[PDB]
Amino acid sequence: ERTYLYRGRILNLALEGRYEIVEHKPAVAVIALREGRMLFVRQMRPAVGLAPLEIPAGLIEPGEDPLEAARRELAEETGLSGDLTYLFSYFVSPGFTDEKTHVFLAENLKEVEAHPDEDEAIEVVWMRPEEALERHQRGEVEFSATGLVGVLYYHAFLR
């Protein structure tokens, strides 16, 4: 029942009667704790003009299931591997997009890929979740949904 206005690289824009719909690939995100610090990442995000606090995340590529994508994103963004457990999923904004995010826990982390130079295209930000939440409350950092989900999951289940 949909008409396409635009077919792009990570999204399509469609109209469905009165509804404006953005089709988007599904995503993964990985919650990881070590020594009381959560593994956050930051990168410049042109859609928002700032670098919010996120957790390792990205799009599921052709051929992959969510577990495999989660492994890949953890390795590509942080150089780590771990034992991954599926937690839950969510639709990021079901009033306009079908993007669905599958969230995993990672335990028993090991460095498998060295962090080249001082590369900060993706910045690795180990931070206690309590400190992330305080910084946010102070107006000092913004959250993505994945970062906030990580912080809340920690406070609910990992203390």
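In this text, the rigid core denotes the largest set of C-alpha atoms whose superposition between the two forms falls within 1.5 Å. So that there is no doubt, residue numbering starts at 1 and follows the sequence shown.
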Query raised in the report: Of the stretches 105 to 113 and 51 to 59, which sits farther from where it is here in 7 other deposited structures of this protein, on average over its Cα atoms, after fitting the core?
Result: 105 to 113
Query - Other entries lacking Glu134, at least a third - result: no
Query raised in the report: Coordinates for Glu35 lacking in at least a third of the other PDB entries compared?
Result: no
Report task. Please work out which of 65 to 73 and 43 to 51 has the higher mean CA B-factor as recorded in the PDB entry. Result -> 43 to 51
**Report entry** Segment of higher mean CA temperature factor, 105 to 113 or 91 to 99
**Finding:** 105 to 113
Query - Residue, from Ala145, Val141, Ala14, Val151, that the PDB entry assigns the highest Cα B-factor - result: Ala14
Report task. Grab the CA temperature factor for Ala121 from the record and place it in the lowest, middle or highest third of its chain. Result -> highest
